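Q: Take a look at my_file_35.txt, compact mmCIF, C-alpha atoms:
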```
# COMPACT_ATOMS: atom_id res chain seq x y z
CA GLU A 22 101.95 117.00 65.34
CA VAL A 23 105.20 116.71 67.34
CA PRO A 24 104.64 115.95 71.06
CA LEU A 25 104.79 118.94 73.38
CA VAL A 26 105.36 116.77 76.48
CA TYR A 27 105.38 113.08 77.37
CA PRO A 28 103.69 110.86 79.95
CA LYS A 29 106.99 109.42 81.28
CA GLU A 30 110.15 110.88 82.80
CA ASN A 31 112.17 109.15 80.04
CA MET A 32 110.54 107.74 76.90
CA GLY A 33 113.92 106.41 75.71
CA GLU A 34 114.95 104.22 78.65
CA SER A 35 114.73 101.31 76.17
CA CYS A 36 117.44 102.87 73.91
CA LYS A 37 120.92 101.37 73.66
CA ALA A 38 123.65 103.07 75.73
CA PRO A 39 126.17 104.93 73.56
CA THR A 40 129.83 104.22 73.23
CA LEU A 41 131.73 106.23 75.89
CA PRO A 42 135.40 106.52 74.91
CA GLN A 43 137.96 107.07 77.66
CA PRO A 44 138.78 110.81 77.76
CA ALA A 45 142.20 110.44 76.14
CA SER A 46 140.78 108.47 73.16
CA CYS A 47 138.11 111.14 72.58
CA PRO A 48 138.37 112.94 69.22
CA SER A 49 139.23 116.62 69.17
CA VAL A 50 136.03 118.27 67.95
CA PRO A 51 137.12 121.91 68.43
CA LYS A 52 133.89 123.66 67.40
CA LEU A 53 130.50 122.56 68.81
CA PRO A 54 129.79 118.81 68.45
CA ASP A 55 127.02 117.76 66.07
CA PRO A 56 123.89 117.07 68.15
CA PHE A 57 122.38 114.79 65.50
CA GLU A 58 125.52 112.63 65.14
CA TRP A 59 125.25 109.29 66.95
CA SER A 60 127.82 108.81 69.70
CA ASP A 61 129.66 106.16 67.62
CA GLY A 62 130.23 108.41 64.60
CA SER A 63 127.93 106.29 62.42
CA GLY A 64 125.46 108.75 61.00
CA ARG A 65 122.68 111.17 61.86
CA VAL A 66 119.24 111.18 63.47
CA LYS A 67 116.50 110.39 60.94
CA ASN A 68 113.13 110.50 62.74
CA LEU A 69 111.54 111.21 66.13
CA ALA A 70 112.21 107.76 67.59
CA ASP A 71 115.85 108.36 66.66
CA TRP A 72 115.95 111.74 68.40
CA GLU A 73 114.70 110.15 71.61
CA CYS A 74 117.68 107.74 71.53
CA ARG A 75 120.10 110.52 70.55
CA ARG A 76 118.70 112.49 73.51
CA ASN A 77 119.42 109.46 75.66
CA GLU A 78 122.97 109.29 74.27
CA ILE A 79 123.52 112.95 75.24
CA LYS A 80 122.09 112.18 78.69
CA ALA A 81 124.46 109.21 79.04
CA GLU A 82 127.44 111.33 77.91
CA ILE A 83 126.65 114.15 80.34
CA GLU A 84 126.18 111.63 83.13
CA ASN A 85 129.43 109.87 82.28
CA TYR A 86 131.77 112.83 81.90
CA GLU A 87 130.46 115.61 84.24
CA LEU A 88 127.40 114.76 86.45
CA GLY A 89 127.07 111.09 87.35
CA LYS A 90 124.12 108.87 86.58
CA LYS A 91 120.65 110.00 87.52
CA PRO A 92 119.11 107.05 89.40
CA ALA A 93 116.15 105.35 87.75
CA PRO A 94 112.69 105.74 89.31
CA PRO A 95 112.73 104.22 92.81
CA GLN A 96 111.17 100.90 93.78
CA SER A 97 108.56 102.64 95.98
CA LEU A 98 107.10 106.15 96.16
CA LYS A 99 104.21 107.33 98.36
CA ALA A 100 102.89 110.89 98.21
CA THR A 101 100.28 112.58 100.41
CA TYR A 102 98.71 116.04 100.53
CA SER A 103 97.55 117.25 103.95
CA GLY A 104 97.46 120.76 105.37
CA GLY A 105 98.66 122.47 102.19
CA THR A 106 101.83 120.34 102.22
CA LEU A 107 102.82 117.64 99.75
CA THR A 108 105.08 115.00 101.34
CA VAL A 109 106.82 112.39 99.14
CA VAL A 110 108.41 109.27 100.64
CA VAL A 111 110.96 107.40 98.47
CA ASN A 112 112.07 103.80 99.09
CA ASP A 113 114.88 102.17 97.13
CA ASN A 114 117.21 99.27 98.01
CA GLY A 115 116.65 99.55 101.77
CA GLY A 116 116.89 103.36 102.01
CA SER A 117 114.45 106.24 102.44
CA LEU A 118 114.32 109.92 101.55
CA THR A 119 111.40 112.30 102.17
CA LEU A 120 110.60 115.54 100.34
CA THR A 121 108.09 118.06 101.70
CA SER A 122 106.72 121.12 99.89
CA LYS A 123 104.19 123.74 100.95
CA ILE A 124 102.27 124.06 97.68
CA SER A 125 99.55 126.50 96.80
CA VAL A 126 96.47 125.34 94.87
CA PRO A 127 94.20 127.69 92.87
CA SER A 128 90.47 127.79 93.58
CA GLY A 129 88.08 125.84 91.39
CA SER A 130 87.53 122.44 89.79
CA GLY A 131 90.55 122.56 87.48
CA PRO A 132 92.78 121.19 86.23
CA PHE A 133 95.58 123.61 86.90
CA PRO A 134 98.99 123.89 85.22
CA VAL A 135 102.00 123.44 87.53
CA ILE A 136 105.13 125.55 88.16
CA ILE A 137 108.04 124.10 90.15
CA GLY A 138 110.39 126.74 91.46
CA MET A 139 113.81 126.15 92.95
CA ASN A 140 113.75 126.77 96.73
CA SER A 141 110.52 128.78 96.27
CA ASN A 142 107.20 128.88 94.47
CA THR A 143 107.90 130.26 91.00
CA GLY A 144 111.64 130.62 91.65
CA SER A 145 112.76 134.18 90.85
CA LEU A 146 109.80 135.03 88.63
CA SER A 147 107.00 136.86 90.41
CA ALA A 148 104.02 135.09 91.97
CA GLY A 149 101.88 137.21 89.62
CA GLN A 150 103.16 135.44 86.51
CA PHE A 151 101.71 132.17 87.96
CA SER A 152 98.75 133.44 90.05
CA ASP A 153 96.55 130.78 88.36
CA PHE A 154 99.08 127.90 88.87
CA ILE A 155 99.69 125.09 91.28
CA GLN A 156 102.93 126.33 92.86
CA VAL A 157 105.38 123.75 94.18
CA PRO A 158 108.66 124.86 95.77
CA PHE A 159 111.57 122.46 95.34
CA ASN A 160 113.49 122.62 98.61
CA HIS A 161 116.73 121.41 97.06
CA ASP A 162 118.58 120.91 100.35
CA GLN A 163 116.29 118.00 101.10
CA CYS A 164 118.42 116.12 98.48
CA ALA A 165 121.86 117.82 98.41
CA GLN A 166 122.99 120.84 100.42
CA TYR A 167 123.55 123.94 98.31
CA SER A 168 126.88 125.59 99.08
CA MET A 169 129.50 127.63 97.24
CA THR A 170 132.63 126.03 98.62
CA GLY A 171 133.84 123.54 96.08
CA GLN A 172 133.26 120.80 98.69
CA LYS A 173 130.40 118.28 98.96
CA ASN A 174 128.28 117.34 101.97
CA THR A 175 128.11 113.54 101.73
CA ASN A 176 125.64 113.35 104.64
CA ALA A 177 122.82 115.07 102.76
CA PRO A 178 119.81 112.72 102.34
CA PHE A 179 120.45 111.83 98.65
CA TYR A 180 124.00 110.65 99.34
CA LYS A 181 122.76 108.66 102.31
CA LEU A 182 120.32 106.85 100.03
CA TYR A 183 122.89 106.34 97.22
CA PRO A 184 126.26 106.29 99.05
CA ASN A 185 128.06 105.00 95.99
CA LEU A 186 127.09 108.29 94.33
CA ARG A 187 129.32 110.46 96.56
CA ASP A 188 131.37 111.39 93.46
CA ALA A 189 128.33 112.52 91.49
CA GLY A 190 127.58 116.17 90.96
CA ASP A 191 124.95 117.85 93.13
CA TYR A 192 122.99 118.71 89.96
CA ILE A 193 122.20 115.03 89.48
CA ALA A 194 120.72 114.90 93.02
CA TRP A 195 118.67 118.00 92.30
CA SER A 196 117.41 116.76 88.92
CA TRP A 197 116.43 113.49 90.61
CA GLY A 198 114.53 115.34 93.38
CA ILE A 199 112.53 117.34 90.85
CA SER A 200 111.53 114.06 89.21
CA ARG A 201 110.47 112.71 92.61
CA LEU A 202 108.27 115.79 93.13
CA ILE A 203 106.58 115.26 89.74
CA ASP A 204 106.11 111.60 90.79
CA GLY A 205 104.26 112.79 93.90
CA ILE A 206 102.19 115.38 92.02
CA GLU A 207 101.10 112.56 89.66
CA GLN A 208 99.99 110.49 92.65
CA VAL A 209 97.90 113.24 94.24
CA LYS A 210 96.80 114.69 90.88
CA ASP A 211 93.04 114.16 91.26
CA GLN A 212 93.19 115.65 94.80
CA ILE A 213 94.75 119.04 93.82
CA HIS A 214 93.53 118.92 90.18
CA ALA A 215 96.99 118.93 88.59
CA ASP A 216 97.26 119.01 84.79
CA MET A 217 100.26 116.72 84.18
CA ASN A 218 100.63 118.05 80.60
CA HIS A 219 101.35 121.63 81.73
CA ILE A 220 104.17 121.45 84.31
CA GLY A 221 106.82 124.15 84.18
CA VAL A 222 110.15 124.49 85.99
CA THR A 223 112.07 127.71 86.74
CA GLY A 224 114.95 129.03 88.79
CA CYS A 225 117.61 131.71 88.57
CA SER A 226 121.43 131.62 88.77
CA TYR A 227 122.41 128.39 90.54
CA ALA A 228 118.65 127.76 90.50
CA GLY A 229 118.72 128.42 86.75
CA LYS A 230 121.20 125.58 86.17
CA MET A 231 119.01 123.46 88.45
CA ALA A 232 115.96 124.20 86.27
CA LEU A 233 117.95 123.46 83.10
CA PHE A 234 119.06 120.01 84.32
CA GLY A 235 115.68 119.41 85.88
CA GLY A 236 113.69 119.86 82.70
CA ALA A 237 116.31 118.45 80.34
CA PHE A 238 116.36 115.22 82.37
CA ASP A 239 112.54 114.82 82.69
CA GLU A 240 110.24 114.60 79.68
CA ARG A 241 107.12 115.46 81.72
CA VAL A 242 108.31 119.09 81.94
CA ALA A 243 106.41 121.00 79.26
CA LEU A 244 108.32 124.30 79.74
CA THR A 245 111.87 124.69 81.05
CA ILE A 246 112.83 128.23 82.09
CA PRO A 247 116.41 128.75 83.24
CA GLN A 248 116.98 132.35 84.35
CA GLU A 249 120.53 133.75 84.15
CA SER A 250 122.07 130.24 84.48
CA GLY A 251 125.54 131.34 83.35
CA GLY A 252 128.54 129.04 83.29
CA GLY A 253 127.57 125.44 83.91
CA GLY A 254 124.07 126.19 82.66
CA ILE A 255 123.15 127.07 79.10
CA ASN A 256 126.77 128.17 78.42
CA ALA A 257 129.00 125.90 76.32
CA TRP A 258 132.25 124.84 77.98
CA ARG A 259 134.16 125.39 74.70
CA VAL A 260 132.98 128.94 74.00
CA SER A 261 133.39 129.95 77.65
CA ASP A 262 137.04 128.89 77.28
CA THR A 263 137.44 131.49 74.47
CA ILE A 264 136.11 134.36 76.59
CA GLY A 265 137.71 135.14 79.94
CA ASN A 266 137.01 135.23 83.66
CA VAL A 267 133.68 133.39 83.31
CA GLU A 268 132.45 130.28 85.05
CA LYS A 269 134.08 127.46 83.02
CA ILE A 270 135.84 124.13 83.56
CA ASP A 271 138.82 125.94 85.05
CA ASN A 272 137.03 127.64 87.95
CA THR A 273 133.56 126.14 88.62
CA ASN A 274 133.05 123.91 91.61
CA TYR A 275 133.43 120.22 91.71
CA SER A 276 130.66 119.23 94.05
CA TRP A 277 127.90 120.43 91.67
CA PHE A 278 129.84 118.73 88.90
CA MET A 279 132.18 115.76 88.98
CA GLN A 280 135.88 116.42 89.60
CA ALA A 281 136.43 114.13 86.55
CA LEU A 282 135.43 116.98 84.20
CA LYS A 283 138.30 119.13 85.47
CA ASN A 284 140.84 116.32 85.56
CA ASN A 285 140.04 114.97 82.11
CA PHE A 286 139.05 118.05 80.13
CA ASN A 287 140.49 121.23 81.66
CA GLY A 288 142.33 122.90 78.79
CA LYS A 289 141.02 120.32 76.35
CA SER A 290 137.27 120.90 76.12
CA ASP A 291 137.55 120.23 72.37
CA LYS A 292 137.80 116.57 73.45
CA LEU A 293 134.29 116.44 75.00
CA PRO A 294 131.89 114.28 72.95
CA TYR A 295 129.15 116.80 73.85
CA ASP A 296 128.70 120.34 75.03
CA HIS A 297 125.94 122.18 76.84
CA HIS A 298 124.14 123.14 73.63
CA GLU A 299 123.05 119.50 73.63
CA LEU A 300 122.02 119.73 77.31
CA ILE A 301 119.58 122.40 76.18
CA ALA A 302 118.63 120.12 73.27
CA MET A 303 117.65 117.33 75.69
CA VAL A 304 114.54 119.49 76.24
CA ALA A 305 113.60 119.29 72.54
CA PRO A 306 110.96 118.93 71.29
CA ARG A 307 109.46 120.46 74.46
CA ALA A 308 109.25 124.20 75.09
CA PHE A 309 112.27 126.18 76.24
CA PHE A 310 112.80 129.84 77.21
CA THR A 311 115.84 131.36 78.95
CA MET A 312 116.95 134.81 80.18
CA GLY A 313 120.37 136.46 80.14
CA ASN A 314 121.96 139.47 81.81
CA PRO A 315 125.05 140.78 79.97
CA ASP A 316 125.56 143.36 82.76
CA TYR A 317 127.35 140.62 84.74
CA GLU A 318 130.42 139.32 82.91
CA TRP A 319 130.61 136.25 85.17
CA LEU A 320 127.59 134.85 83.35
CA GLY A 321 129.46 134.78 80.03
CA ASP A 322 126.45 135.51 77.87
CA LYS A 323 128.37 135.36 74.59
CA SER A 324 128.84 131.64 75.34
CA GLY A 325 125.25 131.26 76.55
CA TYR A 326 123.96 133.11 73.52
CA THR A 327 126.16 130.99 71.24
CA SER A 328 125.14 127.71 72.88
CA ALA A 329 121.44 128.69 72.76
CA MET A 330 121.70 129.34 69.00
CA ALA A 331 123.34 125.95 68.59
CA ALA A 332 120.59 124.24 70.57
CA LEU A 333 117.88 125.94 68.46
CA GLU A 334 119.08 123.92 65.46
CA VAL A 335 117.47 120.84 67.05
CA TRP A 336 114.05 122.55 67.24
CA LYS A 337 114.47 123.82 63.67
CA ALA A 338 115.30 120.29 62.50
CA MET A 339 111.98 119.08 63.89
CA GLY A 340 110.10 122.09 62.54
CA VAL A 341 109.17 123.38 66.03
CA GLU A 342 111.58 126.33 66.35
CA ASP A 343 108.79 128.49 67.84
CA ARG A 344 109.00 126.37 70.98
CA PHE A 345 112.46 127.88 71.62
CA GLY A 346 113.01 131.42 72.82
CA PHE A 347 115.29 133.60 74.83
CA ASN A 348 115.88 137.21 75.81
CA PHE A 349 119.35 138.62 76.51
CA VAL A 350 119.31 142.19 77.83
CA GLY A 351 120.99 144.30 80.48
CA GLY A 352 119.59 147.11 82.58
CA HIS A 353 118.23 144.87 85.35
CA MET A 354 119.55 143.40 88.55
CA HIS A 355 120.71 139.77 88.60
CA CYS A 356 117.66 137.46 88.94
CA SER A 357 115.09 140.28 88.56
CA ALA A 358 113.82 140.12 85.00
CA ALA A 359 113.86 143.21 82.80
CA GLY A 360 110.47 144.43 81.53
CA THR A 361 110.95 142.93 78.08
CA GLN A 362 111.97 139.59 79.74
CA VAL A 363 108.78 139.46 81.85
CA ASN A 364 106.73 140.02 78.68
CA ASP A 365 108.64 137.56 76.46
CA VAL A 366 108.45 134.67 78.90
CA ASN A 367 104.77 135.48 79.59
CA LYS A 368 104.02 134.67 75.96
CA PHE A 369 105.74 131.30 76.54
CA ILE A 370 103.92 130.63 79.83
CA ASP A 371 100.63 131.44 78.03
CA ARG A 372 101.11 129.18 75.06
CA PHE A 373 102.91 126.15 76.51
CA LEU A 374 101.65 126.07 80.11
CA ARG A 375 98.25 127.86 79.97
CA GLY A 376 97.25 126.53 76.53
CA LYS A 377 96.31 129.87 74.92
CA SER A 378 96.99 130.30 71.21
CA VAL A 379 99.50 133.07 71.64
CA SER A 380 102.19 133.18 68.96
CA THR A 381 105.84 132.59 69.83
CA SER A 382 107.39 132.49 66.37
CA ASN A 383 110.67 134.39 66.62
CA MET A 384 111.53 135.45 70.12
CA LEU A 385 115.30 135.42 69.86
CA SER A 386 115.89 138.90 71.22
CA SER A 387 119.40 139.66 72.39
CA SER A 388 121.61 142.68 72.99
CA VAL A 389 124.44 140.09 72.97
CA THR A 390 126.07 139.10 69.70
CA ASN A 391 128.69 136.54 68.70
CA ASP A 392 129.87 134.57 65.69
CA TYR A 393 127.71 131.56 66.45
CA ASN A 394 127.77 130.24 62.86
CA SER A 395 131.53 129.79 63.36
CA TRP A 396 130.66 127.19 66.04
CA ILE A 397 127.96 125.28 64.17
CA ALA A 398 128.92 125.75 60.49
CA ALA A 399 129.87 122.08 59.94
CA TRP A 400 126.45 120.75 61.05
CA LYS A 401 123.53 123.09 60.43
CA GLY A 402 120.18 123.22 58.70
CA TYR A 403 119.58 119.48 59.17
CA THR A 404 116.00 118.28 59.31
CA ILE A 405 114.33 115.27 60.95
CA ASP A 406 111.30 113.41 59.57
CA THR A 407 108.30 113.81 61.88
CA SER A 408 106.25 110.85 60.49
```
Would you write out, as structure tokens, the structure that this file holds?

A:
Amino acid sequence: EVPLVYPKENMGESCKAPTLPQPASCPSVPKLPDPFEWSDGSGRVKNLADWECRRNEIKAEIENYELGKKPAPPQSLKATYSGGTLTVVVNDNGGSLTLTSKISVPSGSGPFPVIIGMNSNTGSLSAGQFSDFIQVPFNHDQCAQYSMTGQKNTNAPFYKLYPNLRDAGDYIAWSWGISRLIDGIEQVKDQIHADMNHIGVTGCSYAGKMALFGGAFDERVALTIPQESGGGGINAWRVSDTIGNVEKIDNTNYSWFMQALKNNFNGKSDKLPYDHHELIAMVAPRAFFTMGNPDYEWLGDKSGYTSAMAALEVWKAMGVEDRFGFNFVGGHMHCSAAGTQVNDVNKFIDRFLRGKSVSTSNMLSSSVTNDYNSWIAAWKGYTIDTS
């Protein structure tokens, strides 16, 4: 079989860093870059061990051009569970940072699957969809302060611990904090009966982008569920440039992302060696399900829909396309899932987090349409050898 999840945050840390051309020497790839093409233009992924390194090239490209580098695991990490609260103490190069979450543990001997919500248990999905889960809220402000002015708070605890990261995007702090939570859950696992092979992550809107980066950048996340992530999330920068008045390089904020993206690629997103379809593909071969809301134009769902279809090619290539699913539909308020969305994702929570043999074969339901073949025609229908 193809792994559904991995024991380590990054199985490909041993891979060789890709070439990273200066922005002005970057080729103009006007449609969506080829996710299987090595960063140096020298061919295409062949097997699973290759995909891990291509995943790490995508990671390195996203870190280099728009987020900043996720720190490696810290030198020291101590987690404790007392009074319903998990507290995680991080030590690295003479600094400290502490995370604290009020978690809720199901009754019984276990083990229990895990759901990490952004700023809440279960995020913007209902507690009922995870009534049988360990529920761990990620209080993101304990790493970087959420805000919607395009300005950064360099005194937040992450930036105090890595002061030379004050140019990095806030999404790299948040991804790193989610990986520190999972570190602490691992440490206390036998005490709360956590099943480390069934951890999910979810959030909506800004919290949707947070969940996308969080699970893309951590291979111990067995199901990544961004909800209405919009521009800067599942949406491709390129396609969002072709539609109008959406979140895109021109108007997003440059504290969550690096100012370098605007300065080097605004009006020239064809020059990016990557796009966000490959951010989604960093989750492959693990399970992925996302929700759209075309009723809000600011989310740019034609770009999200397009980029999701592009990402699916990576699951197809590995013969696991039933681990990828979405649902685009209107008729619901932002961050409150439509009825069909609650049902669709519940099939994914059952199979990939609860372990039931539900089927998930073709859940690509969307009231949004777009010429997505136009964006992926060059590279498409590739396949990878799975041993």

Q: Would you mind telling me which residue in A:166, A:294, A:350, A:235 lies nearest to residue 42 in chain A when using all atoms listed in the file?

A: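 Smallest distance to residue 42 in chain A is found for A:294.
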
Q: May I have a table of the residues of range 34-138 of chain A lying at most 12 Å from range 353-372 of chain A, giving each one's closest pair of atoms and their distance in Å to one decimal, counting all atoms listed in the file, ordered by chain and ascending residue number, as a Markdown table?

A:
```
| residue | atom | partner | partner_atom | distance |
| --- | --- | --- | --- | --- |
| A:134 | CA | A:370 | CA | 9.9 |
| A:135 | CA | A:370 | CA | 10.7 |
| A:136 | CA | A:370 | CA | 9.8 |
```

Q: Please list, as a list in words, the residues that have an atom at most 12 Å away from (143.3, 127.2, 94.6) in the coordinates of this file, counting all atoms listed in the file.

A: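 Answer for this query, in the requested form: residues 170, 171, 271, 272, 273 and 274 of chain A.
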
Q: For the residues in the current selection, export C-alpha atoms as a PDB file, keeping the file's coordinate frame.

A:
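Contents of part.pdb, as written:
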```pdb
ATOM      1  CA  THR A 170     132.630 126.030  98.620  1.00  0.00           C
ATOM      2  CA  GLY A 171     133.840 123.540  96.080  1.00  0.00           C
ATOM      3  CA  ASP A 271     138.820 125.940  85.050  1.00  0.00           C
ATOM      4  CA  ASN A 272     137.030 127.640  87.950  1.00  0.00           C
ATOM      5  CA  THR A 273     133.560 126.140  88.620  1.00  0.00           C
ATOM      6  CA  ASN A 274     133.050 123.910  91.610  1.00  0.00           C
TER       7      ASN A 274
END
```

Q: Take CA of residue 341 in chain A and CA of residue 61 in chain A and report the distance between them in Å, one decimal.

A: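 Result for CA of residue 341 in chain A versus CA of residue 61 in chain A: 26.8 Å, one decimal.
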
Q: Enclose all atoms of range 323-327 of chain A listed in the file in an axis-aligned box, grow every side by 4 Å, and hand back centre and edge lengths in Å to one decimal, as AutoDock Vina command-line options.

A:
```
--center_x 126.4 --center_y 133.2 --center_z 73.9 --size_x 12.9 --size_y 12.4 --size_z 13.3
```

Q: By how many Å are CA of residue 186 in chain A and CA of residue 256 in chain A apart?

A: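 Distance between the two atoms: 25.5 Å.
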
Q: From the set A:259, A:219, A:292, A:187, which residue has the shortest atom-to-atom contact distance to residue 376 in chain A, counting only C-alpha atoms?

A: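 Going through A:259, A:219, A:292, A:187 one by one, the smallest distance to residue 376 in chain A is for A:219.
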
Q: Could you pull the residues within 10 Å of residue 406 in chain A, counting only C-alpha atoms, minus those fewer than 6 positions along the same chain, as a ChimeraX atom specification?

A: /A:66-71,338-340

Q: Smallest atom-to-atom distance to residue 124 in chain A: which of A:56, A:236, A:158, A:224, using all atoms listed in the file?

A: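 Going through A:56, A:236, A:158, A:224 one by one, the smallest distance to residue 124 in chain A is for A:158.
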
Q: Would you mind telling me which residue in A:167, A:326, A:349, A:72 lies nearest to residue 393 in chain A when using all atoms listed in the file?

A: A:326

Q: Expressed in Å to a single decimal, how great is the separation between CA of residue 317 in chain A and CA of residue 252 in chain A?

A: 11.7 Å

Q: Around (105.8, 113.2, 94.2) in the file's frame, which residues reach within 12 Å when counting all atoms listed in the file? Return as a PyMOL selection string?

A: chain A and resi 94-95+97-102+106-111+118-122+124+137+157+159+197-210+215+217

Q: May I ask which of the residues A:222, A:320, A:300, A:305 is the closest one to residue 251 in chain A, counting all atoms listed in the file?

A: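 Ranking A:222, A:320, A:300, A:305 by distance to residue 251 in chain A, first place goes to A:320.
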
Q: Which polymer residues have any atom within 7 Å of an atom of residue 177 in chain A, counting only C-alpha atoms, with same-chain residues fewer than 2 positions away left out, as a list in words?

A: residues 164, 165, 166, 174, 175, 179, 180 and 181 of chain A

Q: For residue 225 in chain A, list every protein, DNA or RNA residue within 6 Å, evaluated using all atoms listed in the file, and leave out those in the same chain fewer than 5 positions away; present the list as a count of residues only.

A: 4

Q: Have a look at A:193, A:233, A:243, A:220 and name the one nearest to residue 133 in chain A; count only C-alpha atoms.

A: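 For residue 133 in chain A, the nearest of the given residues is A:220.
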
Q: Please identify all polymer residues within 7 Å of residue 60 in chain A, counting all atoms listed in the file, omitting same-chain residues fewer than 4 positions from it, and present them as a ChimeraX atom specification.

A: /A:39-40,78
